[PDB]
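Structure file target_11.cif; described as mmCIF, C-alpha atoms.
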```
data_run
#
loop_
_atom_site.group_PDB
_atom_site.id
_atom_site.type_symbol
_atom_site.label_atom_id
_atom_site.label_comp_id
_atom_site.auth_asym_id
_atom_site.auth_seq_id
_atom_site.Cartn_x
_atom_site.Cartn_y
_atom_site.Cartn_z
ATOM 1 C CA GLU A 300 -82.412 106.731 -9.292
ATOM 2 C CA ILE A 301 -85.117 109.041 -7.853
ATOM 3 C CA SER A 302 -86.772 107.173 -4.974
ATOM 4 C CA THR A 303 -85.270 107.631 -1.512
ATOM 5 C CA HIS A 304 -84.385 105.010 1.083
ATOM 6 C CA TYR A 305 -85.929 105.264 4.545
ATOM 7 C CA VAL A 306 -82.607 104.398 6.245
ATOM 8 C CA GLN A 307 -79.278 106.079 5.552
ATOM 9 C CA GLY A 308 -76.142 104.131 4.698
ATOM 10 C CA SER A 309 -77.929 101.261 2.954
ATOM 11 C CA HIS A 310 -80.339 101.522 0.031
ATOM 12 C CA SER A 311 -82.279 98.268 0.360
ATOM 13 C CA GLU A 312 -85.404 98.036 -1.788
ATOM 14 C CA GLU A 313 -87.441 97.126 1.311
ATOM 15 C CA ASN A 314 -86.633 100.527 2.882
ATOM 16 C CA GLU A 315 -88.419 102.628 0.255
ATOM 17 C CA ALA A 316 -89.426 105.986 1.753
ATOM 18 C CA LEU A 317 -92.581 106.627 -0.243
ATOM 19 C CA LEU A 318 -94.538 109.717 0.776
ATOM 20 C CA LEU A 319 -97.677 108.386 2.459
ATOM 21 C CA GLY A 320 -101.033 110.134 2.343
ATOM 22 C CA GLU A 321 -103.117 111.456 5.206
ATOM 23 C CA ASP A 322 -105.174 108.250 5.372
ATOM 24 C CA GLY A 323 -101.971 106.188 5.507
ATOM 25 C CA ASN A 324 -101.796 104.798 1.990
ATOM 26 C CA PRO A 325 -99.012 106.154 -0.248
ATOM 27 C CA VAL A 326 -99.928 109.090 -2.465
ATOM 28 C CA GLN A 327 -98.448 107.518 -5.619
ATOM 29 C CA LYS A 328 -97.216 103.935 -5.305
ATOM 30 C CA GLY A 329 -96.401 103.924 -9.019
ATOM 31 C CA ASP A 330 -97.304 101.585 -11.866
ATOM 32 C CA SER A 331 -95.338 99.396 -14.276
ATOM 33 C CA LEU A 332 -97.655 98.984 -17.275
ATOM 34 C CA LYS A 333 -98.560 102.633 -16.856
ATOM 35 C CA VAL A 334 -95.465 104.791 -17.231
ATOM 36 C CA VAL A 335 -96.404 106.863 -14.179
ATOM 37 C CA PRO A 336 -93.491 106.872 -11.698
ATOM 38 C CA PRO A 337 -93.970 106.602 -7.927
ATOM 39 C CA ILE A 338 -93.703 109.617 -5.641
ATOM 40 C CA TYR A 339 -91.077 109.650 -2.897
ATOM 41 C CA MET A 340 -90.449 111.677 0.237
ATOM 42 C CA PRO A 341 -88.032 114.626 -0.010
ATOM 43 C CA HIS A 342 -84.348 114.010 0.686
ATOM 44 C CA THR A 343 -83.693 115.675 4.047
ATOM 45 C CA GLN A 344 -82.001 113.830 6.928
ATOM 46 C CA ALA A 345 -81.735 116.801 9.296
ATOM 47 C CA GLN A 346 -82.523 116.832 13.005
ATOM 48 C CA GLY A 347 -86.037 116.949 14.438
ATOM 49 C CA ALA A 348 -87.606 114.469 12.013
ATOM 50 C CA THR A 349 -86.664 111.043 10.688
ATOM 51 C CA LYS A 350 -83.480 110.773 8.630
ATOM 52 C CA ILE A 351 -84.169 109.895 4.981
ATOM 53 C CA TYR A 352 -81.286 109.451 2.532
ATOM 54 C CA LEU A 353 -81.412 109.486 -1.259
ATOM 55 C CA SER A 354 -80.602 106.493 -3.445
ATOM 56 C CA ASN A 355 -76.934 105.487 -3.283
ATOM 57 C CA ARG A 356 -76.938 103.071 -6.246
ATOM 58 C CA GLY A 357 -78.269 105.069 -9.196
ATOM 59 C CA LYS A 358 -76.250 105.809 -12.314
ATOM 60 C CA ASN A 359 -76.156 109.001 -14.419
ATOM 61 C CA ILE A 360 -78.729 107.824 -16.975
ATOM 62 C CA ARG A 361 -81.769 109.807 -15.829
ATOM 63 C CA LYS A 362 -82.038 111.674 -19.143
ATOM 64 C CA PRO A 363 -81.998 108.534 -21.365
ATOM 65 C CA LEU A 364 -84.570 106.928 -19.065
ATOM 66 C CA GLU A 365 -86.827 109.973 -19.385
ATOM 67 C CA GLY A 366 -86.418 109.787 -23.157
ATOM 68 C CA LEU A 367 -87.293 106.088 -23.127
ATOM 69 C CA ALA A 368 -90.395 106.816 -21.045
ATOM 70 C CA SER A 369 -91.443 109.531 -23.498
ATOM 71 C CA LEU A 370 -91.001 107.062 -26.364
ATOM 72 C CA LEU A 371 -93.010 104.455 -24.441
ATOM 73 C CA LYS A 372 -95.918 106.883 -24.030
ATOM 74 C CA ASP A 373 -95.720 107.879 -27.710
ATOM 75 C CA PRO A 374 -98.502 106.307 -29.834
ATOM 76 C CA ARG A 375 -96.187 106.478 -32.871
ATOM 77 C CA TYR A 376 -93.981 103.619 -31.591
ATOM 78 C CA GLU A 377 -96.717 101.026 -31.065
ATOM 79 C CA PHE A 378 -95.269 98.842 -33.829
ATOM 80 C CA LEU A 379 -92.169 98.425 -31.626
ATOM 81 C CA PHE A 380 -93.230 98.696 -27.992
ATOM 82 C CA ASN A 381 -96.918 97.679 -28.095
ATOM 83 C CA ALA A 382 -97.098 95.055 -30.840
ATOM 84 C CA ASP A 383 -100.481 93.401 -31.308
ATOM 85 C CA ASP A 384 -99.783 89.831 -30.175
ATOM 86 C CA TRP A 385 -96.059 90.003 -29.311
ATOM 87 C CA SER A 386 -96.564 92.215 -26.255
ATOM 88 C CA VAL A 387 -94.439 91.191 -23.268
ATOM 89 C CA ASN A 388 -96.036 90.860 -19.833
ATOM 90 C CA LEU A 389 -94.277 91.688 -16.563
ATOM 91 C CA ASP A 390 -93.033 88.098 -16.169
ATOM 92 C CA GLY A 391 -91.860 87.895 -19.789
ATOM 93 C CA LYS A 392 -94.528 85.867 -21.580
ATOM 94 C CA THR A 393 -96.084 86.704 -24.947
ATOM 95 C CA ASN A 394 -99.234 85.509 -26.678
ATOM 96 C CA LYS A 395 -97.258 84.236 -29.690
ATOM 97 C CA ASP A 396 -93.644 83.686 -30.751
ATOM 98 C CA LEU A 397 -91.435 84.733 -33.665
ATOM 99 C CA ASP A 398 -92.479 81.722 -35.761
ATOM 100 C CA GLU B 300 -62.112 94.530 -15.332
ATOM 101 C CA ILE B 301 -65.399 93.292 -13.794
ATOM 102 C CA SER B 302 -64.638 91.022 -10.845
ATOM 103 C CA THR B 303 -64.129 93.076 -7.688
ATOM 104 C CA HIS B 304 -61.563 92.556 -4.947
ATOM 105 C CA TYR B 305 -62.982 91.594 -1.559
ATOM 106 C CA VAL B 306 -60.787 94.230 0.134
ATOM 107 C CA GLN B 307 -60.198 97.796 -1.020
ATOM 108 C CA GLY B 308 -56.721 99.161 -1.725
ATOM 109 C CA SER B 309 -55.412 95.853 -3.089
ATOM 110 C CA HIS B 310 -56.593 94.085 -6.249
ATOM 111 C CA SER B 311 -55.286 90.574 -5.605
ATOM 112 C CA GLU B 312 -56.795 87.836 -7.755
ATOM 113 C CA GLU B 313 -57.207 85.589 -4.699
ATOM 114 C CA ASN B 314 -59.575 88.183 -3.164
ATOM 115 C CA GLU B 315 -62.230 87.825 -5.888
ATOM 116 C CA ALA B 316 -65.490 88.975 -4.267
ATOM 117 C CA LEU B 317 -67.753 86.606 -6.162
ATOM 118 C CA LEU B 318 -71.451 86.107 -5.469
ATOM 119 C CA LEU B 319 -71.805 83.011 -3.284
ATOM 120 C CA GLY B 320 -74.893 80.850 -2.937
ATOM 121 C CA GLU B 321 -76.760 79.739 0.155
ATOM 122 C CA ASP B 322 -74.788 76.482 0.311
ATOM 123 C CA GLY B 323 -71.502 78.399 0.131
ATOM 124 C CA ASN B 324 -70.419 77.815 -3.450
ATOM 125 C CA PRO B 325 -70.272 80.808 -5.818
ATOM 126 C CA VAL B 326 -73.270 81.427 -8.051
ATOM 127 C CA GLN B 327 -71.153 81.372 -11.235
ATOM 128 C CA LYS B 328 -67.484 80.420 -10.923
ATOM 129 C CA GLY B 329 -66.884 80.974 -14.632
ATOM 130 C CA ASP B 330 -65.426 78.831 -17.398
ATOM 131 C CA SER B 331 -62.487 79.255 -19.770
ATOM 132 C CA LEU B 332 -63.239 76.885 -22.657
ATOM 133 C CA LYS B 333 -66.813 78.102 -22.350
ATOM 134 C CA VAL B 334 -67.267 81.864 -22.631
ATOM 135 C CA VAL B 335 -69.494 82.332 -19.563
ATOM 136 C CA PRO B 336 -68.085 85.146 -17.385
ATOM 137 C CA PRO B 337 -67.794 84.769 -13.605
ATOM 138 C CA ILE B 338 -70.360 86.334 -11.298
ATOM 139 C CA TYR B 339 -69.177 88.894 -8.751
ATOM 140 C CA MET B 340 -70.601 90.551 -5.664
ATOM 141 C CA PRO B 341 -71.964 94.065 -6.296
ATOM 142 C CA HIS B 342 -69.569 96.936 -5.638
ATOM 143 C CA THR B 343 -70.594 98.569 -2.352
ATOM 144 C CA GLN B 344 -68.435 99.957 0.467
ATOM 145 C CA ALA B 345 -71.231 101.506 2.544
ATOM 146 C CA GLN B 346 -71.923 100.757 6.195
ATOM 147 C CA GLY B 347 -73.669 97.568 7.278
ATOM 148 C CA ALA B 348 -71.995 95.331 4.694
ATOM 149 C CA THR B 349 -68.366 94.678 3.812
ATOM 150 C CA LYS B 350 -66.366 97.208 1.805
ATOM 151 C CA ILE B 351 -66.401 96.143 -1.859
ATOM 152 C CA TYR B 352 -64.223 98.197 -4.211
ATOM 153 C CA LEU B 353 -63.825 97.437 -7.902
ATOM 154 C CA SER B 354 -60.419 96.579 -9.328
ATOM 155 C CA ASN B 355 -58.338 99.601 -10.332
ATOM 156 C CA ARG B 356 -56.231 97.652 -12.857
ATOM 157 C CA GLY B 357 -58.982 97.459 -15.478
ATOM 158 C CA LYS B 358 -58.356 99.179 -18.798
ATOM 159 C CA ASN B 359 -60.885 100.899 -21.094
ATOM 160 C CA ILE B 360 -61.226 98.008 -23.557
ATOM 161 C CA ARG B 361 -64.486 96.496 -22.309
ATOM 162 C CA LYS B 362 -66.186 96.919 -25.697
ATOM 163 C CA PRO B 363 -63.476 95.137 -27.769
ATOM 164 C CA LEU B 364 -63.433 92.306 -25.223
ATOM 165 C CA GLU B 365 -67.216 91.975 -25.491
ATOM 166 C CA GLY B 366 -66.897 91.917 -29.277
ATOM 167 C CA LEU B 367 -64.234 89.211 -29.124
ATOM 168 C CA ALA B 368 -66.422 87.195 -26.747
ATOM 169 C CA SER B 369 -69.313 87.466 -29.204
ATOM 170 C CA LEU B 370 -67.039 86.401 -32.070
ATOM 171 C CA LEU B 371 -65.710 83.392 -30.143
ATOM 172 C CA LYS B 372 -69.203 81.888 -29.863
ATOM 173 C CA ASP B 373 -70.061 82.569 -33.518
ATOM 174 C CA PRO B 374 -70.172 79.289 -35.509
ATOM 175 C CA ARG B 375 -68.992 81.184 -38.614
ATOM 176 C CA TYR B 376 -65.432 81.541 -37.238
ATOM 177 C CA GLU B 377 -64.774 77.840 -36.628
ATOM 178 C CA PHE B 378 -62.020 77.858 -39.258
ATOM 179 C CA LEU B 379 -60.222 80.590 -37.271
ATOM 180 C CA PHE B 380 -60.806 80.032 -33.553
ATOM 181 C CA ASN B 381 -61.774 76.330 -33.424
ATOM 182 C CA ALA B 382 -59.587 74.505 -35.930
ATOM 183 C CA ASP B 383 -60.002 70.738 -35.690
ATOM 184 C CA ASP B 384 -56.398 69.621 -35.150
ATOM 185 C CA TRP B 385 -55.008 73.081 -34.275
ATOM 186 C CA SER B 386 -57.212 73.902 -31.275
ATOM 187 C CA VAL B 387 -55.069 75.340 -28.473
ATOM 188 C CA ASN B 388 -56.166 74.165 -25.030
ATOM 189 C CA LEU B 389 -55.677 76.054 -21.763
ATOM 190 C CA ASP B 390 -51.968 75.350 -21.230
ATOM 191 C CA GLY B 391 -50.925 76.034 -24.832
ATOM 192 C CA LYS B 392 -50.655 72.559 -26.351
ATOM 193 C CA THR B 393 -51.646 71.520 -29.872
ATOM 194 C CA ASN B 394 -52.416 68.083 -31.269
ATOM 195 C CA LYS B 395 -50.541 68.904 -34.501
ATOM 196 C CA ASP B 396 -48.302 71.699 -35.787
ATOM 197 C CA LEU B 397 -48.102 73.855 -38.910
ATOM 198 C CA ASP B 398 -46.024 71.252 -40.774
ATOM 199 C CA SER C 499 -60.692 98.827 -65.731
ATOM 200 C CA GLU C 500 -60.783 98.230 -61.957
ATOM 201 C CA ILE C 501 -57.420 96.453 -61.666
ATOM 202 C CA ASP C 502 -54.522 98.733 -60.755
ATOM 203 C CA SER C 503 -52.678 99.866 -63.873
ATOM 204 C CA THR C 504 -49.195 99.263 -62.449
ATOM 205 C CA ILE C 505 -50.068 95.702 -61.418
ATOM 206 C CA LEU C 506 -51.635 94.881 -64.789
ATOM 207 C CA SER C 507 -48.775 96.397 -66.803
ATOM 208 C CA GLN C 508 -46.277 93.954 -65.257
ATOM 209 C CA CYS C 509 -48.230 90.831 -66.242
ATOM 210 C CA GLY C 510 -46.149 88.672 -68.561
ATOM 211 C CA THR C 511 -48.960 87.269 -70.711
ATOM 212 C CA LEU C 512 -52.508 88.431 -71.446
ATOM 213 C CA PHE C 513 -55.475 86.279 -72.503
ATOM 214 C CA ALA C 514 -57.903 88.802 -73.999
ATOM 215 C CA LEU C 515 -61.298 87.186 -74.576
ATOM 216 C CA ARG C 516 -64.348 88.992 -75.959
ATOM 217 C CA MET C 517 -64.597 92.439 -74.370
ATOM 218 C CA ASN C 518 -67.762 94.506 -74.720
ATOM 219 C CA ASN C 519 -67.359 97.954 -73.165
ATOM 220 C CA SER C 520 -64.795 100.468 -74.395
ATOM 221 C CA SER C 521 -63.115 101.442 -71.112
ATOM 222 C CA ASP C 522 -61.838 97.910 -70.499
ATOM 223 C CA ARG C 523 -60.527 97.644 -74.063
ATOM 224 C CA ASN C 524 -58.741 100.985 -73.694
ATOM 225 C CA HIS C 525 -57.180 99.850 -70.413
ATOM 226 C CA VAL C 526 -56.020 96.567 -71.959
ATOM 227 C CA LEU C 527 -54.516 98.410 -74.934
ATOM 228 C CA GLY C 528 -52.740 100.770 -72.554
ATOM 229 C CA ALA C 529 -51.435 97.821 -70.519
ATOM 230 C CA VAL C 530 -49.771 95.918 -73.391
ATOM 231 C CA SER C 531 -46.328 96.396 -74.944
ATOM 232 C CA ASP C 532 -46.839 94.371 -78.166
ATOM 233 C CA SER C 533 -49.681 96.064 -80.054
ATOM 234 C CA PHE C 534 -50.788 95.030 -83.541
ATOM 235 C CA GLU C 535 -53.669 97.189 -84.743
ATOM 236 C CA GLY C 536 -55.340 94.417 -86.739
ATOM 237 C CA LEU C 537 -55.311 91.958 -83.842
ATOM 238 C CA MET C 538 -56.390 94.455 -81.181
ATOM 239 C CA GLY C 539 -59.194 95.803 -83.365
ATOM 240 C CA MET C 540 -60.995 92.445 -83.279
ATOM 241 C CA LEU C 541 -61.618 92.299 -79.519
ATOM 242 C CA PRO C 542 -65.384 93.086 -79.376
ATOM 243 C CA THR C 543 -66.146 90.464 -82.070
ATOM 244 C CA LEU C 544 -64.571 87.284 -80.686
ATOM 245 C CA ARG C 545 -66.504 84.025 -80.643
ATOM 246 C CA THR C 546 -67.370 82.168 -77.439
ATOM 247 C CA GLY C 547 -64.104 80.435 -76.544
ATOM 248 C CA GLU C 548 -61.590 82.281 -78.720
ATOM 249 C CA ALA C 549 -58.590 84.039 -77.204
ATOM 250 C CA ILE C 550 -55.763 86.388 -78.178
ATOM 251 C CA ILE C 551 -52.576 85.300 -76.404
ATOM 252 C CA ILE C 552 -50.192 88.259 -76.096
ATOM 253 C CA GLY C 553 -46.963 88.391 -74.130
ATOM 254 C CA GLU C 554 -43.487 86.930 -73.771
ATOM 255 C CA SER C 555 -44.724 83.321 -73.585
ATOM 256 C CA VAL C 556 -45.486 83.156 -77.332
ATOM 257 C CA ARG C 557 -43.534 83.853 -80.501
ATOM 258 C CA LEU C 558 -46.206 86.203 -81.878
ATOM 259 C CA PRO C 559 -49.563 87.585 -80.756
ATOM 260 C CA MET C 560 -51.981 84.995 -82.051
ATOM 261 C CA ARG C 561 -55.726 84.323 -82.155
ATOM 262 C CA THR C 562 -56.342 80.803 -80.859
ATOM 263 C CA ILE C 563 -59.253 78.498 -80.099
ATOM 264 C CA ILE C 564 -58.757 77.057 -76.621
ATOM 265 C CA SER C 565 -59.188 73.293 -76.598
ATOM 266 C CA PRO C 566 -62.436 72.368 -74.816
ATOM 267 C CA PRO C 567 -62.111 70.266 -71.657
ATOM 268 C CA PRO C 568 -63.224 66.620 -71.723
ATOM 269 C CA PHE C 569 -66.964 66.139 -71.364
ATOM 270 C CA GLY C 570 -68.154 65.919 -67.773
ATOM 271 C CA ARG C 571 -65.427 68.315 -66.564
ATOM 272 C CA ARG C 572 -66.946 71.798 -66.827
ATOM 273 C CA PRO C 573 -66.931 74.513 -64.138
ATOM 274 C CA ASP C 574 -70.359 75.071 -62.608
ATOM 275 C CA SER C 575 -71.478 76.872 -59.464
ATOM 276 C CA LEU C 576 -74.379 75.004 -57.851
ATOM 277 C CA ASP C 577 -76.480 78.102 -57.300
ATOM 278 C CA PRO C 578 -80.218 77.508 -56.773
ATOM 279 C CA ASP C 579 -82.322 77.089 -59.915
ATOM 280 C CA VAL C 580 -84.979 79.777 -59.509
ATOM 281 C CA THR C 581 -87.304 78.563 -62.263
ATOM 282 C CA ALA C 582 -87.235 74.930 -61.110
ATOM 283 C CA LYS C 583 -87.773 75.793 -57.439
ATOM 284 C CA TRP C 584 -90.572 78.264 -58.204
ATOM 285 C CA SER C 585 -92.319 75.924 -60.659
ATOM 286 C CA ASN C 586 -92.872 73.314 -57.935
ATOM 287 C CA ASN C 587 -96.217 73.099 -56.170
ATOM 288 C CA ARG C 588 -96.328 74.705 -52.738
ATOM 289 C CA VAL C 589 -96.401 72.559 -49.597
ATOM 290 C CA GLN C 590 -97.461 73.329 -46.040
ATOM 291 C CA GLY C 591 -94.619 74.872 -44.061
ATOM 292 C CA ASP C 592 -93.274 74.390 -40.544
ATOM 293 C CA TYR C 593 -91.403 77.429 -39.226
ATOM 294 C CA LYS C 594 -90.975 76.202 -35.644
ATOM 295 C CA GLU C 595 -87.938 74.243 -36.832
ATOM 296 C CA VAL C 596 -86.615 77.355 -38.591
ATOM 297 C CA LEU C 597 -87.022 79.411 -35.417
#
```
With the file now loaded, output its structure as structure tokens.
Amino acid sequence: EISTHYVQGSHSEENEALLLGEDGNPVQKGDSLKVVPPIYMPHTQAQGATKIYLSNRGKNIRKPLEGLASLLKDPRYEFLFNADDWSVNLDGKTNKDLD
Amino acid sequence: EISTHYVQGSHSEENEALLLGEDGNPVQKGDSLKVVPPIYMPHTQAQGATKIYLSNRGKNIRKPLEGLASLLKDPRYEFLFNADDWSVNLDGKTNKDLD
Amino acid sequence: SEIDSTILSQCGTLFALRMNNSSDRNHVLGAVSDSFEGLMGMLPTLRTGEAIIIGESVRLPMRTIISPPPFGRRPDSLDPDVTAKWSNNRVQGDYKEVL
């Protein structure tokens, strides 16, 4: 919903236009376990420079997603989102089960 | 209400833009006696790929249909939806009648 | 006292067993058309099994003793016996099957 595609028309995930640093590496590639979101180049496809177009697939749920992120970073909801042994990894595997 | 026509403007059932596999067969054709829904190609009419437009005949009853689908698979409604000798098959034929 | 008054008033015959609270007795008295003060004053002091048949199916309101059913034919809901189940020694469980 926020990241921009490097090529207009299509919004393929392999054409992510992340703002790269001076050394070459991206400034903020983003993290999944951490709730920090990645940084993206500004949406401006004018003449002179390369044409970068915004995401063409996002819905209108930016506000609920921000609320969910705020809840995820809240230490008062650990009993739901950061359970002791029933934490879910990125691939969907927990230490224990419901039994 | 979900499956999209392969061509915009017309919503013919024979133009179902389903998601096909590498071999050529669709990923999920869908079943009637089973409650699995068919898989469809994502709605996208941008450049590069074909123009995919969702069907315009769909009503606003997605939630009641989802509820009915959930009820159909509930084993607590066998007496209603899955009577032993009064189960209606696809073409509307019953083994026995109300007599 | 919860049954609709109009529905109860049209019942042909009443079988008034022992009744404890006063609201139900008042409702029954208000939903009967053949009232004898002596008979209706004995409601809260009826033995286990007695009845007071009132209505158009008898010659007179009359205090009867309903004939007991033959032995071995007695209504009984097979609800769990809490004391018997809880008195048993505990055994190692297996909740994988339950899950």
Problem set entry | Residues of chain C within 8 Å of chain A, all atoms listed in the file counted, as a list in words |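 Filtering chain C at 8 Å from chain A with all atoms listed in the file gives residues 593, 594, 596 and 597 of chain C.
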Problem set entry | chain B contacts on chain A, all atoms listed in the file, 12 Å, as number ranges by chain | A: 306-311, 355-356
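Among the candidates C:547, C:510, C:539, C:559, the one nearest to residue 524 in chain C when counting only C-alpha atoms is C:539.
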Fewer than 4 positions away in the same chain doesn't count, so skip those; otherwise give me all residues within 8 Å of range 376-392 of chain B, counting all atoms listed in the file, as a short mmCIF file (atom, residue, chain, number, x, y, z; two decimals) with C-alpha atoms, keeping the file's coordinate frame.
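Saved to selection-v3.cif:
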```
data_model
loop_
_atom_site.label_atom_id
_atom_site.label_comp_id
_atom_site.auth_asym_id
_atom_site.auth_seq_id
_atom_site.Cartn_x
_atom_site.Cartn_y
_atom_site.Cartn_z
CA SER B 331 -62.49 79.26 -19.77
CA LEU B 332 -63.24 76.89 -22.66
CA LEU B 370 -67.04 86.40 -32.07
CA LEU B 371 -65.71 83.39 -30.14
CA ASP B 396 -48.30 71.70 -35.79
#
```
Box along x, y and z, 8 Å on every side, all listed atoms of range 329-334 of chain B inside: centre and edge lengths in Å to one decimal, as AutoDock Vina command-line options.
```
--center_x -64.9 --center_y 79.4 --center_z -18.6 --size_x 20.8 --size_y 21.0 --size_z 24.0
```
Exercise. What residues come out when you apply the PyMOL selection byres ((chain C and resi 549-551) around 10) to this file, written as a PyMOL selection string?
Worked result: chain C and resi 511-516+537-538+540-541+544-548+552-556+558-564
Using all atoms listed in the file, determine which residues lie at most 12 Å from range 327-330 of chain A, disregarding the query and same-chain residues fewer than 6 positions distant; provide the list as a short mmCIF file (atom, residue, chain, number, x, y, z; two decimals) with C-alpha atoms, in the frame of the given file.
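What ended up in result18.cif:
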```
data_model
loop_
_atom_site.label_atom_id
_atom_site.label_comp_id
_atom_site.auth_asym_id
_atom_site.auth_seq_id
_atom_site.Cartn_x
_atom_site.Cartn_y
_atom_site.Cartn_z
CA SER A 302 -86.77 107.17 -4.97
CA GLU A 315 -88.42 102.63 0.26
CA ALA A 316 -89.43 105.99 1.75
CA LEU A 317 -92.58 106.63 -0.24
CA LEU A 318 -94.54 109.72 0.78
CA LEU A 319 -97.68 108.39 2.46
CA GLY A 320 -101.03 110.13 2.34
CA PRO A 336 -93.49 106.87 -11.70
CA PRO A 337 -93.97 106.60 -7.93
CA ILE A 338 -93.70 109.62 -5.64
CA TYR A 339 -91.08 109.65 -2.90
CA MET A 340 -90.45 111.68 0.24
CA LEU A 389 -94.28 91.69 -16.56
#
```
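When the PyMOL selection byres ((chain C and resi 529) around 8) is evaluated against the file, it yields residues 503, 506, 507, 525, 526, 527, 528, 530 and 531 of chain C.
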For this session: Go ahead and compute the interatomic distance for CA of residue 500 in chain C and CA of residue 523 in chain C, in Å to one decimal.
Result: 12.1 Å
Exercise. What is the CA of residue 505 in chain C-CA of residue 532 in chain C distance in Å, reported with one decimal?
Worked result: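 It comes out at 17.1 Å.
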Exercise. At what distance in Å, to one decimal, does CA of residue 363 in chain B lie from CA of residue 300 in chain B?
Worked result: 12.5 Å
